[PDB]
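> Kindly generate the corresponding structure for this input.
(chains A, B, C and D, ligands or ions: 3)
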Amino acid sequence: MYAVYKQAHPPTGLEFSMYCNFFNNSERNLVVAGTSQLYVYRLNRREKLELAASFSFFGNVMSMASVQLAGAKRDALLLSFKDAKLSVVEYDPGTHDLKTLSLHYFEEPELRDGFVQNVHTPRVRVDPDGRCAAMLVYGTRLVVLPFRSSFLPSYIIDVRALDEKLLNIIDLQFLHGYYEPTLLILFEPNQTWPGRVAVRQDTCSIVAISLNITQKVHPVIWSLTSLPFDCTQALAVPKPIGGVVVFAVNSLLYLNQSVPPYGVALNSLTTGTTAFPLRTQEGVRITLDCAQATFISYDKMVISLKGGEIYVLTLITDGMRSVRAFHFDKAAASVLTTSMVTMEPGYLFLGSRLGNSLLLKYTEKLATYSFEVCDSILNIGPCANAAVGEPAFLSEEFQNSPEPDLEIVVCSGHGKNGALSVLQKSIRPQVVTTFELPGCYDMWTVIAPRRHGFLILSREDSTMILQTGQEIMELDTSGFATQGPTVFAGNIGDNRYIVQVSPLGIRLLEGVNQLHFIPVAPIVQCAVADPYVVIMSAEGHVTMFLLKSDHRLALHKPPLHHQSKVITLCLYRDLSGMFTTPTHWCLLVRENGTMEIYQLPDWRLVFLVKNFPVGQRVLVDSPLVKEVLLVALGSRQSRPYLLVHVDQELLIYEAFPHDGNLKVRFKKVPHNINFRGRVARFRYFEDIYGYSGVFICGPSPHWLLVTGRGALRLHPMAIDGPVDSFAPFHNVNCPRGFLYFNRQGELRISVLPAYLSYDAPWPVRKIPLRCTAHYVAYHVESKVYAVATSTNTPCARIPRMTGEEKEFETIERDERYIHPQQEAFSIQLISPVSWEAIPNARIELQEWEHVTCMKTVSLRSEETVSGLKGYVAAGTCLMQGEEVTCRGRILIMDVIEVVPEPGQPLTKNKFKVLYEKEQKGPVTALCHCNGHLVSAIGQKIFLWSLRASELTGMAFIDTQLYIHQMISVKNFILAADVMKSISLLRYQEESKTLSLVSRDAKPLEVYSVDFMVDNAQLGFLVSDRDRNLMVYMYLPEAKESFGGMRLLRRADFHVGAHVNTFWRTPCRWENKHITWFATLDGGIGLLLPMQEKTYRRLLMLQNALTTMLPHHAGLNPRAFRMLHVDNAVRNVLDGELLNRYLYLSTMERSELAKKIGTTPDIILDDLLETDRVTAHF
Amino acid sequence: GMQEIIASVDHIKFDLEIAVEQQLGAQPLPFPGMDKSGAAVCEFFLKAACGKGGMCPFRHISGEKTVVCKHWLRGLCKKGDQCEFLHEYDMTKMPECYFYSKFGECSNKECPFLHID
Amino acid sequence: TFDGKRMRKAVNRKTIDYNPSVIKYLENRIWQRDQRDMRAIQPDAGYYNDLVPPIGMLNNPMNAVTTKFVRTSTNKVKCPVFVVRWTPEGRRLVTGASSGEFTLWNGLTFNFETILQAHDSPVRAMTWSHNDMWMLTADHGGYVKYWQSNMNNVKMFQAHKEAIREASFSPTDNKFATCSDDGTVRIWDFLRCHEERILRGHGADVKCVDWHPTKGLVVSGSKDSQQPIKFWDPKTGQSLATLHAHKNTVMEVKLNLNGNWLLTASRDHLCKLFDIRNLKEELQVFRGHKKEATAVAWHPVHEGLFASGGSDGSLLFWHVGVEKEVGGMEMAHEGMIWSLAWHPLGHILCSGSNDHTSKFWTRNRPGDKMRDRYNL
RNA sequence: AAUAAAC
Ligand SMILES: [Zn+2]
Ligand SMILES: [Zn+2]
Ligand SMILES: [Zn+2]
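Numbers count the residues shown, from 1 in each chain, chains lettered A, B, ... in the order given. Ligands and ions are numbered 1, 2, ... in the order given. The relevant structure is shown in the block below.
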């Protein structure tokens, strides 16, 4: 009933890409977009893409283009959304958000021409010269946006009411030249099907409609009418040559209005299917059916085929600026793209959903190019099946934590880019040496002669010092003062001179020996930054030091006029900085509620926020702050981040440049974290496992990481409780590592585990398979993974059926002929210890056989102390065309430990197949029900009982068309059909009878089913080929259903992406489970069931958050989350919109609470309990 | 791994599982001569008498039937519950093949019915 | 006599197995996102694995222009059939002949399953429920019987004194409508068999009735020119509107599952669309039947495409938006076609002749030369 | 047993 959708992974896998002036007219920017999320990339020169902005949308981007308006200083974007929404947005300076210039709602009942089911996607195109902009709404309507108070009102041109009667549009571009903005259109007036080409030979046509903006008329010039039957995308040839190249599946054409049609074929599949006059391109057999292409310079064209192969077509040009012929060459292969952009000369971004979308570099060879691979963006691809499993090397110090310890394994990508993905959410450290040091609460590690020499501990009475080296051991001699506590210890200079400060005196040290001493109001914290030391007492007094050679620290107390008491401090320098008007800066927060940045050698005021401790979104120049830290993070310490601690609430700010003051402002970024003498909590570390950033101490620790990517990465650390203190640590037996205190007073020498990659939003190891990962299944006994994969081999035979046997027919064609793809499946066996595939353990299948399902099936047994045995069972059947009866085979496998092959410790495990028998029809899904394998053969769902050697049937019923998913719990089987429904079953066991309980009476195209679990309410979570989620319940006492026959949906929600996988895990909420899922666009979501009382305090919140906040691209967060409309019983809260209640400032946080009738402290206890309970993985 | 270890729900007593025990408002089926082949067997007739025999939406079995019928295996049984034949799947009580008793051998090798001498 | 006891040698029947296309669809589904990502099927006989069912290629609806012949399923007594409908799980084809016999044809290998003797009359109407539960069958005498999915005879009664010609029912399983040759569209209760009201004023024998899939309409044809198409109302009994569409004798009236279109076939060589929200104007017309157009079947997944029957035995496929037809079998199906029914996956088609036969049509294979006796 | 074997 009552739930909330929450998102634990932002969706990866780009789809759209361009190269425009997003920030400014000076430099250019790669602007990539995916499913409902926009990214803007700069380019550092070895080269690397650097992130510069990321934007989230309440709507999936369906097209994207950019035009530069008249007089504007930037390059606007034209975002196309679902059911005909165009949205012109721009970057904003000042605030660092997006400014939305225009919306255009175009969804009308009289535009769809009576067709309910929308199939066509909206397509934005713009002019090369930027005169207008077009959108093909619904596949039959053109919206023309005129350009030169910078817009002009649009007008809808009805396409089917023009000349030539277009009907089916394939692709449309604007052409070059052409003082009027000529729109070319591929269409088909008489549409046909590949496979029915003897009655419709070839029907594709081209109209180059010429648009008068002022007169609002449009005449057809330059028609053609007998192009080949299968034309994919058209490409506008650029300005000096003009024309258009029209890709076909088997051919390639160049078209222009003065030139006769030149067109060549590619493979010899133009024998009997096309009467268009085609030549023969020599030395070439390729196909252009999913090919992405772009123009490098002019008269050249990089074509990323399917299969990832990159060709460079040169348009061989005569003197007439006409085309003689075409020239092809086979350059380097790359990722299976979904987009393609030339950036600067020599760089090509290759945006791919499936596979890592990477950046190339090309130079000429000594016309002919060679491609080099500069950088790649990590991508969790189309997550097909993902299985929860346990890690291998969690350390013995953490071994008796009460919660489960587990991490998911995802079949990501497809094809050549097929992979497994080992995802994890928090960081589990490897502890190499522990202690128990009571009393001491603070800690510091300084560098002494670049390993760390000294570990300095402050007690409440004295001071501990430790010597490092071979064996870390406690130090006894002078230097440091152990007669009291130390407020702060740190290096000064560059790792040559050490400074500690006591609450009475201030001590240099040139190593163990003390150099000299300066005495001083309890000193509560110090700021050792670069060559300056600022020391602040408790009543608000501030002094400053400085290294001066003779080395000797010099007192220079800052000239300050204290209007109120200074509370906290920070210092910071600009290695690669933006603080314009290495330069040192002092940050200073007074008690009146203001923030003041100071230029450090002088002491003039530079930056001033008059209401600082609220938590405002963007600051500009002219309560009880605890701690404030400015640090730079990234390549060459590039971009600075403010981090403050205000009333148990972390809120961190970025910095961006913006025009006698600082030319910067600070933008607030979101979170998922709550904080519910002086001790520092924000502990900046440089070079722990190469990674730089901040550790944030508190009741929930969070590693803050920024790599050269420039993307902010928050990683929690939930094992071993809250952490009091922390320090970086580099030693001999401990490499680049770290060092913290447990709450129970246990010092732990630690190194990050080296197999993951913490640059991604979750720490992930991407395991390349170079074959399509279909399924994955953790086996608990012997602790391995079983993966069904597939490689593509060329097909060579054709099965028939002659009444007595099967007769294969050999395909025999010309040598200039591409071959159909045959897929051979094989079941791998992956080891979690080291993620190498286990050698000599691979079940390979028949010549035509396809794994349709793999699960981990608990069949009952007489061997163990329980009943269950945890087998791996795969159902698999043979695809040999429609004229051959499809039959299948149930394959039950068990992992068995043996003696290992010498030199290979991974080879102790190997499959043993108990059962492999061909069934009476296709095997489509499998399940376990109290120790009974439940299989679905055809239109019957059997239920097998495994004996010592064989499966014996017990019960069945007649089900619907193609049951493709089944999961079950406790003698209730939930099934899932391709077209019809879900059909929940039930199995009495005393009599061998299987029965139908209830079913969805509607038609519905299920991807996969799940079980929402509440205290007593068992929901039936189902996903729709429509990017939906819906929960059916069996309610017999209800009367809007019928008596125990009809299911009723109780919660509806439009997720933006398809769902195949479902995981259930109990929250860290008496008896409720979190039914997780991984969206097929690469993200991971949740469903958390809630009570009704907590629900309707947040439904009143969401209805106020939707109205009173300026969302991105002018979108409606309510209509985006309405069921299927992109009849509706909505009961799921938008937990990505409720997360924008945390982002509001606490002055604005209290206005929505008073407009809905509560206090802001209740809602923060309502929301943040939904983030505490969901801290798994 | 494998939810049954992590998301162990055997301690939960769902309302789904209670509502099928005491059957929670099953409307008696109309049109008296119906079958409803594929209905859950009732535990009310196992313990006690459920009352409305023949017009109860659940099935009633007796311990008299011996061999499976050819007709339920295709889903066509007009006789319903009052047939003399067992309706379970058990592939040991099938009828003997007619094509062995009269006409020597059988033709298809995937003949389900019992092959004896 | 065929009692099933005389042996015969084993044969592997021709099959039009839909399973290797659905499995190919479920494997593409993951890494596809639309049709705009789809790898194109290329016209050769080696690309047989790459077919996806019509759920897969959702646009390009020219897919399911089923012009490949499969099998003529005829009886042994050779009676002319009238209505043929699929079992809603696609498992088998029941067929309504002139002798009241239900010859159940198998659904993949189309051999034979069983024969019944339902009625004492030619079967004229046959509808399945909106779930898998019930099946209404009327006959030429006037009797209306309910049928379970195991083809058991359940409660019978009489609806009309004269021959019922078409049945349909509500967007729930409660309330059906039987139109007959006396001119009354009588609206029945399901569970009680209670004649709730009579829709009089048609003025001629009425020969087709369809119910609206949401709004609760009953649209009736006629054999009378002055009142050819009468909209109705199942709750009030009031004639809602009158549509003057055809010159004579509307044979079938059908409705999309979308509910925004009224398709009408008549004896004046025409099919016509009508938006039921706008009856004053008129959508496109469908010329192409050289003889009378006597049967219509909308496509289940491709909204906007429908097959069509001719009285000369012609079979034609049409699509909403195109002036000419998409492609049909002129004079190739012998006889007069009475009704058509697509499989629940819209990939195969069935037809019922005034001949004693019934032919099953599937999609064309890639790369074949369509040189057969039905196409060229 | 009620058409399991009805190219
Ligand atoms: Zn009973
Ligand atoms: Zn029986
Ligand atoms: Zn036999």
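> what about residue 5, neighbour count?
Picking chain A for this. Residue A:5 has 22 neighbouring residues, counting by other Cβ atoms under 10 Å in any protein chain shown. Using the backbone N, CA and C atoms, a C-beta is placed for each residue, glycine as well.
> could you do chain B instead?
13.
> Name all residues that make contact with it.
A:404, A:780 (Cβ atoms under 8 Å, 6 or more residues apart in numbering or on different chains).
> what secondary structure does it sit in?
The local conformation at residue B:5, judged by DSSP: H, G, I helix; E, B strand; the rest coil, is coil.
> Mind checking if stretch C:328-341 is in reach of chain A?
No. With Cβ under 8 Å from any Cβ of the partner chain as the criterion, chain A is not reached by stretch C:328-341; the gap is at least 10.1 Å.
> what's the span of that stretch from first residue to last?
This stretch, stretch C:328-341, spans 16 Å end to end (Cα to Cα, to the nearest Å).
> Let me see the backbone angles for residue A:170.
phi -100, psi -60 (degrees, to the nearest 10).
> Grab the nearest non-local neighbour of it.
Excluding the flanking residues, the one nearest residue A:170 by Cβ to Cβ, 6 or more residues apart in numbering or on different chains is residue A:186, at 4.0 Å.
> Next: residue C:371.
Residue C:371's closest residue in space is residue A:198 (Cβ to Cβ, 6+ apart), at 7.5 Å.
> The one you found and residue C:367 touch, don't they?
No. At 9.9 Å, residue A:198 does not count as touching residue C:367 under the criterion of Cβ atoms under 8 Å.
> residues in contact with residue A:498?
Per Cβ under 8 Å, 6+ apart, neighbours of residue A:498: A:446, A:448, A:454, A:489-492, A:508-511.
> before we move on, what about residue C:121?
Contacts of residue C:121 (Cβ under 8 Å, 6+ apart): C:100, C:139-141, C:143, C:163.
> try 7 Å
By Cβ atoms under 7 Å, 6 or more residues apart in numbering or on different chains, the contact list for residue C:121 reads C:100, C:139-141.
> any idea which element it lies in?
Of the helices and strands defined by DSSP states H and E, none includes residue C:121.
> again, but for residue A:819
Short version, using DSSP H and E: residue A:819 is in no helix or strand.
> Kindly provide the distance from it to residue A:287.
11 Å (Cβ to Cβ, to the nearest Å).
> More neighbours: which of those two?
Set residue A:819 next to residue A:287 and count neighbours by other Cβ under 10 Å: residue A:287 wins out with 21 against 16.
> pretty sure the more buried one is touching residue A:250, no?
Yes. If you go by Cβ atoms under 7 Å, residue A:287 and residue A:250 touch, sitting 6.3 Å apart.
> overlap in contacts of those two?
A:266-267.
> do stretch C:51-68 and chain A meet?
Yes. Stretch C:51-68 is in contact with chain A by Cβ under 7 Å from any Cβ of the partner chain, via C:51, C:55, C:58-60, C:62-63, C:65.
> Would you map the helices across chain B?
B:15-19, B:43-47, B:98-101 (DSSP state H).
> now what about the second one, what contacts it?
In this case it means helix B:43-47. Counting by Cβ under 7 Å, 6+ apart, B:50, B:60 sit against helix B:43-47.
> centre of the chain versus that helix, how much separation?
Remark: helix B:43-47 is offset 15 Å from the chain centroid, using Cα atoms, centre = their mean, to the nearest Å.
> Report the buried residues of that helix.
Neighbour-count burial for helix B:43-47 flags B:43-45 (criterion: 16 or more other Cβ atoms under 10 Å in any protein chain shown).
> element containing residue A:739?
Per DSSP H and E: strand A:737-742 holds residue A:739.
> what element comes up after that strand heading to the C-terminus?
Following strand A:737-742 toward the C-terminus (DSSP H and E): strand A:747-751.
> what packs against that next one?
strand A:430-434, strand A:737-742 (3 or more Cβ pairs under 7 Å, 6 or more residues apart in numbering or on different chains; DSSP states H and E).
> Make JSON lines from these and add distance to residue C:282 and mean neighbour count to it.
Below are the helices and strands packed on strand A:747-751 laid out as JSON lines (distance: least, Cβ to Cβ, whole Å; neighbours: other Cβ atoms under 10 Å in any protein chain shown):
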{"stretch": "strand A:430-434", "distance to residue C:282": "77", "mean neighbour count": "16"}
{"stretch": "strand A:737-742", "distance to residue C:282": "78", "mean neighbour count": "21"}
